[PDB]
There are 4 protein chains.
Amino acid sequence: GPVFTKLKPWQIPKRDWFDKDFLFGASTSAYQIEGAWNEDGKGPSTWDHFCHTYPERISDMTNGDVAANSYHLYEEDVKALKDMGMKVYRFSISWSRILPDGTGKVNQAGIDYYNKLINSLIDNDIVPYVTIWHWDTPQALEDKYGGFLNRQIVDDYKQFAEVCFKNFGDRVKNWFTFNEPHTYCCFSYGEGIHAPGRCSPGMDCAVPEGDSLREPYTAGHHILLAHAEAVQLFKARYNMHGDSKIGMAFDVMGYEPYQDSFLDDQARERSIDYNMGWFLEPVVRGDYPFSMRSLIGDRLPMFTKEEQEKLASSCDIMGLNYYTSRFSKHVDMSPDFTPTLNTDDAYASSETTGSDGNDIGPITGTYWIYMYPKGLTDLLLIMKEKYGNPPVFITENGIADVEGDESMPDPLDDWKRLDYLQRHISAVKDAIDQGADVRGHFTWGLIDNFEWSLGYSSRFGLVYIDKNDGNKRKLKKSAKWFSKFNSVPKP
Amino acid sequence: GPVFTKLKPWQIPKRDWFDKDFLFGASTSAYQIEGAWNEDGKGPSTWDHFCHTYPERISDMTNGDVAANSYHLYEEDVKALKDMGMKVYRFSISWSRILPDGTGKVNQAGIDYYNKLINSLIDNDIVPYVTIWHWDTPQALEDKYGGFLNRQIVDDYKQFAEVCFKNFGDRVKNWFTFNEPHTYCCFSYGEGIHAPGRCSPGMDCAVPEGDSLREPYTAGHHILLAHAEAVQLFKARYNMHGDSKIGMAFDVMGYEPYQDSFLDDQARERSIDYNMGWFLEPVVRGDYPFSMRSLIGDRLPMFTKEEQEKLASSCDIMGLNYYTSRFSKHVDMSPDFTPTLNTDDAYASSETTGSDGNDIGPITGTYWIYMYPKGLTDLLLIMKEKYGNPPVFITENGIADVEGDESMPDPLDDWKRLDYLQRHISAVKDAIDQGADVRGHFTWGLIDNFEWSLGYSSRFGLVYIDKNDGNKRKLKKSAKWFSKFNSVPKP
Amino acid sequence: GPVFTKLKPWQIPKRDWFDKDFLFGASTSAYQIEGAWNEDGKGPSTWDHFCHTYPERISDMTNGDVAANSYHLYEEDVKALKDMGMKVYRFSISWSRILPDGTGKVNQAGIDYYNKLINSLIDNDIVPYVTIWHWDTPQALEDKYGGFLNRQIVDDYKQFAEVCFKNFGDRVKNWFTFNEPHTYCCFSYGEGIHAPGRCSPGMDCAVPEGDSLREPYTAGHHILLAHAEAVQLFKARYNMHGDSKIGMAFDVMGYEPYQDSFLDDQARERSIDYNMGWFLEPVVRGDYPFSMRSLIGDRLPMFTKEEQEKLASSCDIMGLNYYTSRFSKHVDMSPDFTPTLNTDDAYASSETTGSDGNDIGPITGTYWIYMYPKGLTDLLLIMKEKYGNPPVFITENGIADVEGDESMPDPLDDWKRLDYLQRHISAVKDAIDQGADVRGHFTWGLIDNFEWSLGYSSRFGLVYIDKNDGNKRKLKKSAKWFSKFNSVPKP
Amino acid sequence: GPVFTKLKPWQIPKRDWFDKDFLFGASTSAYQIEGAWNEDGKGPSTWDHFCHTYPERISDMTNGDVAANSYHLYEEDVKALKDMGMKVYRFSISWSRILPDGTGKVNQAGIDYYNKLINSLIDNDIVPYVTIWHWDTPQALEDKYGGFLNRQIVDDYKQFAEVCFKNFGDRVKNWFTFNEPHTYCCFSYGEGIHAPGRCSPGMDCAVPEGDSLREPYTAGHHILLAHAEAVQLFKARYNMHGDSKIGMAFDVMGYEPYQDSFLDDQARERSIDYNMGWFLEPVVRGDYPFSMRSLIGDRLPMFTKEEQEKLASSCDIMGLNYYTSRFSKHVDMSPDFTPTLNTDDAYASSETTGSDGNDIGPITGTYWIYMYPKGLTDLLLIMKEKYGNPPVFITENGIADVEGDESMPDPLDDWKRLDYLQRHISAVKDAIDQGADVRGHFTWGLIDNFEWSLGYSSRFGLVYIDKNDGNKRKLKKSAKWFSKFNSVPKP
């Protein structure tokens, strides 16, 4: 109630299900855990500004000023990873902490911080997988030219990435240029619920003076161009030993046809093209999915021949951030339907219930995460069969425990999260058994953190953060299972 | 609301989907439509007695005294079949109308009635498929020795069947000895909600002085023995031309394992063994399913060598009455569980919801009919792959429109019934495409009728019966579709 | 004559067929090879007592007083393993040699012996896989309370296991709590042909004052409870580094339905449930197979909630001792059949011939080992598809050369054993190719030994033991093939 | 003993398993049942001569002088067919009864006889399928030029066939030019156990002055040329209405590779090429199988371009005479092996036992008929997948009950024959389900008859012939089953 059936004992994953090279880890992002938002020379980011200017846009009126205070307590994050036996830590670098003005003088204090974290991880036999940008744009660039809505962001991002390569590249050998470009474009410029908070006039967001049918595509186009420039530079000057890898992480939802009909089968392909293909196809073949160009037209920027060439094959590794799936229902083209939100351009509605009226899967806590591990296996096979089977890492996967949920009264007894994670780890095994080149699984939420517009009300961590006890780290049931799973020796 | 998605236009069945020999028809039963319960010498049946003695046991306080008055209006039933283009009419013969005292003197008026119906059907090019017994036991035999709980019922039934063969066998060439033995044993002697209304002391039924763990099996054993004796007689003296066929109709529910586990896979097999195998396996191999004997033991009567021989291969045709499916959930054997109802002996609970909390399919009106056509195809393939692929007729299939259901305000606009029927007709096509020897589809409910303990509150007909307008027959939307489906010429 | 066709040259296994982590080895058991039955403080076991009290119960009137004298010649066993290039040696620890009185004072001489063997194996780069109990019960405990028929055996076994963990756990990292519980219960308490030699009154065994329908189940229940207690202790205090593994070894026969019929398909499942499931299902889900509980009832002890929890998932590795297969033929439940031997409870007879009258496979020497490698692959896939695909080691596999067999005049020319082993190694490869997690193959019979009730008349070794030449070890043809297979450098 | 397991009750074929056009029948041949060997002007055949000159060559010293006396009692044969409900009767025409001198004057009495049989069959709604030649060569032609060893047989056969077409073609619309050419060539000219009884000098046959490596091929070549000429004439002048069909009946054995090896897979193909392809491939593509030409060379006659053209596609229907199967074992080419019998040319030995030493199937009575219905289904699929799926009739199928077999003491209780026939009828159903164009099943042995070199000692009939009671026809258990199977009305 809600009925939540767990895996049978003989269906629980064992580390042995994966080969010696497979990597289990956990993830976080700078704004969501660091805190020290204005400390040691750090400049403000678009999220600092968004929260400080429109605090009401965060569900619980909180922000990332302190978060889990990882700027000061990062050693406790490393300890948590070690205690669970994780082999990888995926974290992000704060652009505004390294370059307070977006461009210009590098903040040595910022560089010193990440060097300490990186060196501690290495000293503890944990491999760092670094995300360069995680929605973390310096407000200085937003003020100057509108951030990602202006072409100038391309070179500015390139120079930021270069600072990262030069200072950390000797130890960090695995990078992700951008995190969830589709989520970012949709929520930051479509619905405007995320920083900078823009949307079309008449819509409900902080700054309703944008264009939900155009700004999302403009921003995404610049993200892709910035990615292409950064990768070109990386391969040319920062991979001299040929042992480094760079790619990007995509937010992806699985999709099933709403009804048994060729129409919803077509709708499903449009949904995947829009959710995943929007950014994946450009890095694979050098252009957006044909479905998107045919439906968005002039609102979707064209790539030059040189740009398409730089984009194609620009990812050594693909990161997939998977949480849930939806049913895709066909929408006809007619004067009765007129797109107003960018997501309308897919002509496929995302439904939580199918043709029989049933939810796609059990709700796990927060309103949008319905459990459907099959959707992940299906996406992994699409990567294998359609896009060339590139190396794939599940860069994010997990659930939230929500404040106020009577079914989750003890924050440490996260048996639901554990079952969900075990089921998805098993779904990854299924994909590997079928030939998919999946290299790792990183649980989103090494620790509870700032869940953007929902604040701290949503806890995604394997490790609890006791906000009333100095942000102390406490392993949850799920974290303890990983300790056993990873055969961590006991004291 | 409840969401009821319909088939797409190109998925609607056409008569051409089936070969020229396939037979579409409709079904009814004597007590449910005839009326004239005490007319022209007819004696009382167990249902006349049950309703007249415990009227409160029928939901709407109604009974079959008049029903659809088919004793007098049978020509209107024939007309409805003709108007829909049906090729078969499956109806039953009232034992108490033919033999008022169970045994003894045959009631000529009763014989004349069925002869009129049979001759009218033949004159209208409709083939009669006759059910000899449809829960219709003469109360005289119930009073004398407890009806089906006594061995005497075997010979008495045999003599009744012989009267039917002698008087109608020259025109009727397809018979069903018994209808839904599993439903009958469960509801008449287990829960006791059906005539004679018996159950264990302490339970809620009209006559709580029986034994829900024993009487159901005793009754079923006599049904099988009576069937065996009647078939032996039929093949020996009433099939001289070798063109007649006899079998029985089984109520069957489809089953899916509740959860992905070998335990529920085993539970599912026990559910099928109990629901279908109880009576099907004896007519196929001469004995009850091993699962039942291992779990019921001394409470399940043993068959003699001669009886097993007479039972094996005793059916020329198999009738399957299919309406819905359930999830089967394993129940462990332990001192914590003690059977009290015969259905408990399967050690598999029937659930309407699966491991994810979702209903197995859309509710269609009455509380127990969840739409799941896949379950039917699965059962048909079990008949093919496990039991030798004998000739199978879907002898009943349909849904009820319930009085008071705000989603069904117009009794003639039965688009839900139509969609359900089209989906199951398509499921039969799927089975045939896969090699199953399915010979016909008979919709349960040629006309609205007395739905046993629910009275007239549940309307199952393709044809509406206007109880306030002299029981007038009015074709519903579904019936009109059949007219088109069967290419009936228009006036 | 008997026709024994060998594999074609291109079908012979190569070490390369398996990955670098796969482990090839050989096995023995304490009573079967050690000798020194009363030396250096060792107390008598149930087998010492059985042989000394009822010598006539051993076919050739021999016993394990000296056996292969491995107590003194263990270095020759290590040399044989080294000469063949084996990477693993599976041997057992003698309970009575370590704890002469079952409980109490540990015999240092016993501890010193196993330490010498373990250290020699390690010095020779051979990994020790240790079986804690191999039918080896101290007669002191048999005298005191009836050994495994009394609950006291649970804690006594636990303390014995602890002695093993404390003294050898620093080097031994792979354990098997019990060997062939099904064989043991069937032969020691059912037919009574094995120590302590008990069976029902009227039957032919040494001590016909037991109960063949109850004692086998009582003993098996205590074996499972002892296993659960030992594993709980192991995981809690003797796996601090998390690099050790513990499980049990099951004797298993493959099964094929006797005839093409759903009845024999059901019989086959009952046979597997009884032969393998009896002990495997409890360690997988915490309870006996449903089929067994439904057929054995009160004669099969119930597990408490806590016990089921301790049993479920109690094995890190599964050992399968495979030699042959049988056809399973359905037996009906009726007053004409009454169980007298525990094996009768499966209601499935094990036949050496199928419906066409043909043997399941070629006889290999001893009367019960018919060659049918397909049966092994089938069982391995059941482990994979039904029980979660846990790590499986073929802990025993091989054939016997029998004294007096004119087709085997030269004990060293064991081409039949070699072909049989090659065929089963290939069958394991087939299972691995199909996804089964098989980790190794240990040939039963590193050396010829005491084959229980058949004495030395059955030779199972890869290495011959010349009983008339001081028990000298001589490599047979099969052993020499392993030297080549394992690429052992030559002198 | 010998173990003979029967089909389960639900596995017994029903007429409904096949469509309305499928034809069930029985077969006989002229010399085997007619008698009247020298009556009404009939001339002697090679079999009359063989038996009368070398009576010792028939096991029981009998012959076809009287046989079942069908020349006089044919109406009883028609009655037996009618009583069983058979729709087809496959019989042969005696060349020597129609043309006593092989060529020349037609014997009107002979023509009148077959006209009576044909008209009686038609009056009884039974379709006649006529075999023109069934080893029945006129001794006049054998004396004149060596029968089938001389090219003159081609035109002489053509003129005989024409007599049949002209006199019976108005009612007979289905013909088979020759019966079992492979059996005939092998036994009549290879081993010489059949008339004319020729073999190589030194071998044991009536006339050891032939050549077992050449005469079989010479005879077969003339059979094919005669077939081609007869069919050309038939299609040109005796199928004006286009409703007649002509082909030939081939004796065929199923084959399985002796051992799991590509060598025996190749051997199996050579066996099929030799047993079936020898005569089938020429009528399909116009030439012998490549394997035969590569191995037999100059001993296998070459076809001219015109002959290959006349042979290709010369059969409207294919008759397969199936009884058993064998394992095919590869034979290497080397100076150690030199062919002496024509069958040696296939370089594949036919074994009754496989690599495991087991018989291919249960023996059914006579020494050569091992039951293996799978072999038939396999051959039918080869016809479908390799040779174009032409219309196939099982023109012969059955078993013999042997005089002296203690397991068959009552000649009428042929439950073994019945089970065998039911299993093969089911195997035909399997082939049809898989797409094979099988049009009928004719049981060999409408009545017990003269089984060539084994005399009457082998009874193949569905109907018993009581030789001591005037050759009276008595239906056996199998025949009675067909009456039920075919729904024959009872008296």
# chains A, B, ... in the order shown; residues from 1 in each chain; ligands from 1
call {"tool": "closest_atom_pairs", "arguments": {"of": "chain D", "to": "chain B", "cutoff": "12 Å", "atoms": "only C-alpha atoms", "output": "tab-separated table"}}
result
residue	atom	partner	partner_atom	distance
D:7	CA	B:388	CA	11.2
D:8	CA	B:285	CA	8.1
D:9	CA	B:313	CA	6.5
D:10	CA	B:388	CA	5.0
D:11	CA	B:388	CA	5.6
D:12	CA	B:388	CA	8.3
D:13	CA	B:388	CA	9.3
D:14	CA	B:390	CA	9.0
D:15	CA	B:391	CA	11.6
D:16	CA	B:391	CA	8.6
D:17	CA	B:437	CA	8.9
D:18	CA	B:437	CA	11.3
D:19	CA	B:21	CA	11.2
D:20	CA	B:21	CA	11.1
D:85	CA	B:242	CA	11.7
D:426	CA	B:388	CA	11.2
D:429	CA	B:435	CA	11.7
D:430	CA	B:435	CA	11.1
D:432	CA	B:435	CA	11.4
D:433	CA	B:435	CA	8.0
D:434	CA	B:435	CA	10.6
D:483	CA	B:242	CA	10.1
D:484	CA	B:242	CA	8.2
D:485	CA	B:242	CA	9.9
D:486	CA	B:242	CA	8.9
D:487	CA	B:242	CA	5.1
D:488	CA	B:242	CA	6.4
D:489	CA	B:241	CA	4.4
D:490	CA	B:240	CA	5.4
D:491	CA	B:240	CA	7.5
call {"tool": "residues_around", "arguments": {"residues": "residue 44 (chain D)", "least_positions_apart": "5", "cutoff": "12 Å", "atoms": "only C-alpha atoms", "output": "PyMOL selection string"}}
result
chain D and resi 31+35-39+49-52+64-65+94-102+136-143
call {"tool": "atom_distance", "arguments": {"atom1": "CA of residue 88 (chain B)", "atom2": "CA of residue 24 (chain B)"}}
result
6.2 Å
call {"tool": "atom_distance", "arguments": {"atom1": "CA of residue 441 (chain C)", "atom2": "CA of residue 461 (chain C)"}}
result
14.8 Å
call {"tool": "select_by_dssp", "arguments": {"residues": "region 7-146 of chain C", "states": "helix (DSSP H, G or I)", "output": "PyMOL selection string"}}
result
chain C and resi 9-11+15-17+30-33+46-53+55-57+70-84+95-98+108-123+139-145
call {"tool": "atom_distance", "arguments": {"atom1": "CA of residue 104 (chain B)", "atom2": "CA of residue 161 (chain B)"}}
result
13.1 Å
call {"tool": "residues_around", "arguments": {"residues": "residue 115 (chain A)", "least_positions_apart": "3", "cutoff": "12 Å", "atoms": "only C-alpha atoms", "output": "list in words"}}
result
residues 71, 74, 93, 98, 108, 109, 110, 111, 112, 118, 119, 120, 121, 122, 123, 128, 164, 166, 167, 168, 169, 170, 171 and 172 of chain A
call {"tool": "residues_around", "arguments": {"residues": "residue 463 (chain C)", "least_positions_apart": "4", "cutoff": "8 Å", "atoms": "only C-alpha atoms", "output": "PyMOL selection string"}}
result
chain C and resi 80+445-448+473-476+479
call {"tool": "residues_around", "arguments": {"residues": "residue 353 (chain A)", "least_positions_apart": "6", "cutoff": "12 Å", "atoms": "only C-alpha atoms", "output": "list in words"}}
result
residues 255, 256, 257, 258, 259, 325, 326, 327, 328, 329, 359, 360, 361, 362, 363 and 370 of chain A; 3, 5 and 358 of chain B
call {"tool": "closest_residue", "arguments": {"among": "C:450, C:4, C:54, C:290", "to": "residue 205 (chain C)", "atoms": "only C-alpha atoms"}}
result
C:54
call {"tool": "decode", "arguments": {"residues": "region 333-350 of chain C", "atoms": "N, CA and C atoms", "output": "short mmCIF file (atom, residue, chain, number, x, y, z; two decimals), in the first residue's frame"}}
result
data_model
loop_
_atom_site.label_atom_id
_atom_site.label_comp_id
_atom_site.auth_asym_id
_atom_site.auth_seq_id
_atom_site.Cartn_x
_atom_site.Cartn_y
_atom_site.Cartn_z
N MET C 333 -1.46 -42.09 -7.71
CA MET C 333 -1.80 -42.18 -6.30
C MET C 333 -3.07 -43.03 -6.27
N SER C 334 -3.03 -44.11 -5.50
CA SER C 334 -4.18 -45.00 -5.38
C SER C 334 -3.91 -45.99 -4.26
N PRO C 335 -4.96 -46.66 -3.77
CA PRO C 335 -4.77 -47.63 -2.68
C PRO C 335 -3.89 -48.80 -3.11
N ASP C 336 -3.61 -48.89 -4.41
CA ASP C 336 -2.78 -49.97 -4.94
C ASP C 336 -1.29 -49.70 -4.73
N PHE C 337 -0.96 -48.47 -4.34
CA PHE C 337 0.44 -48.12 -4.11
C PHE C 337 0.62 -47.49 -2.74
N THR C 338 1.50 -48.08 -1.94
CA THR C 338 1.79 -47.57 -0.60
C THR C 338 3.29 -47.45 -0.41
N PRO C 339 3.78 -46.23 -0.16
CA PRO C 339 5.21 -45.99 0.05
C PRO C 339 5.77 -46.80 1.22
N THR C 340 6.97 -47.35 1.04
CA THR C 340 7.64 -48.11 2.10
C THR C 340 9.07 -47.59 2.25
N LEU C 341 9.63 -47.09 1.16
CA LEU C 341 10.98 -46.50 1.14
C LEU C 341 10.77 -45.00 0.89
N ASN C 342 11.60 -44.16 1.50
CA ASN C 342 11.45 -42.72 1.33
C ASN C 342 11.41 -42.29 -0.14
N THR C 343 12.21 -42.93 -0.98
CA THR C 343 12.23 -42.57 -2.39
C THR C 343 10.89 -42.81 -3.08
N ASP C 344 10.03 -43.61 -2.46
CA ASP C 344 8.71 -43.88 -3.03
C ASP C 344 7.83 -42.63 -2.99
N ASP C 345 8.16 -41.71 -2.08
CA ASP C 345 7.38 -40.48 -1.92
C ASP C 345 7.37 -39.53 -3.12
N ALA C 346 8.24 -39.76 -4.09
CA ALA C 346 8.29 -38.90 -5.27
C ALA C 346 7.25 -39.30 -6.31
N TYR C 347 6.65 -40.47 -6.14
CA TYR C 347 5.66 -40.98 -7.08
C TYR C 347 6.18 -40.90 -8.52
N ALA C 348 7.45 -41.26 -8.67
CA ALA C 348 8.10 -41.27 -9.98
C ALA C 348 9.19 -42.32 -9.90
N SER C 349 9.05 -43.39 -10.69
CA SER C 349 10.06 -44.44 -10.66
C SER C 349 11.24 -44.05 -11.55
N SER C 350 12.45 -44.37 -11.10
CA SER C 350 13.65 -44.08 -11.86
C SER C 350 13.94 -45.31 -12.70
#
